[PDB]
């Protein structure tokens, strides 16, 4: 409650898509997650649902944020707080509100908070080629995604101070734990097109078919019943976390550029280590000595962002994100000048 003024002023317009996440980063001194988590979890009423104290939530955010590595240019707690902001924005949209249940909202907001915890600033493919402890521990399969969810549950339930789940009932926790794990694991790159195509095929195309019939009261209930199944709610949750995770190209230009520099610097660090250690170079284009950041951002947006956000926008209606996406794409194209 008693927040200092600059951090309070940094968190004023957090329902809005335009949000100065880097000012929140500077004002909190690399602690944006704990302050933005407290406000978001309070506004959604999360501890009322989980029956946790404000003091149990505080310790939980603390130990989760602590295990985010500040030395990572991108994969630090500021990224998680940003993904929490985009997650809350999507939940607040009319289509998600009338489709998802309160337990899903709780699963999404916790999942955004924990989804990259203890990221080492290296890709899964780096850890497998290096034979890292977590690649041997997780058998080269979704190495970091399994670690994030597992460590998050180790930190939460391992201590009575941090366990925000301790006052829940048996069945509710099993359902909520399975929801979090599924959203955290869905962020793995190799499953990108699989999760996008399942969303298009099972949601967008069926929903577009039924919208051709009309705006009938009996028709809306068929649409409501179809979307609200457990299978389709899972597919929406995977899409929502996946979009929030890589929402930075749909941000205001000033933030879009900062996120590009951070993730690029992070991939250049891995490339310097791979050449030094003799490891196979998994991202050859991302070398600080040869990489055109604007052109790599264009390739990134064409490969992962454009179709995914096209489908998500067709479902949720996200005009501001697509307008920013267009403006940012044109900015990158305009910097060539050659």
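Positions refer to the first chain, counted from 1. Whichever C-alpha set is largest while still superposing within 1.5 Å between the two forms counts as the rigid core.
To spell it out: superpose each other structure in 8 other deposited structures of this protein onto this one by the rigid core, compute Cα RMS over structures and residues for 211 to 219 and for 88 to 96. Which is larger? The stretch that sits farther from the shown form in 8 other deposited structures of this protein is 211 to 219.
Higher average CA B factor in the deposited record is what I'm after, so tell me if that's 299 to 307 or 39 to 47. Averaged over C-alpha atoms, the B-factors run higher in 39 to 47.
So 153 to 161 or 115 to 123, which one's hotter by mean CA B-factor in the entry? So the stretch with the higher mean C-alpha B-factor is 153 to 161.
Considering only 216, 247, 201, 80, which residue's Cα atom bears the greatest B-factor as recorded? In the PDB entry, the greatest C-alpha B-factor among 216, 247, 201, 80 is found at 216.
For the CA B factor values reported in this entry, which option in 85, 237, 166, 251 has the top one? In the PDB entry, the greatest C-alpha B-factor among 85, 237, 166, 251 is found at 166.
Give the position of residue 312 by CA B-factor within its chain, expressed as the lowest, middle or highest third. Within its chain, residue 312 is a lowest-third residue by C-alpha B-factor, going by the deposited values.
Chain third (lowest, middle, highest) by recorded CA B-factor, residue given as residue 326: Its C-alpha B-factor, which the entry lists for residue 326, ranks in the lowest third among residues of this chain.
Considering only modelled residues of the same chain, in which third does the CA B-factor of residue 18 rank: lowest, middle or highest? Middle third by C-alpha B-factor.
How does residue 106 rank on Cα B-factor within its chain, lowest, middle or highest third? According to the entry, residue 106 has a C-alpha B-factor in the chain's middle third.
Ranking every modelled residue in this chain by its Cα temperature factor as given in the entry, which third contains residue 148? It falls in the bottom third of the chain.
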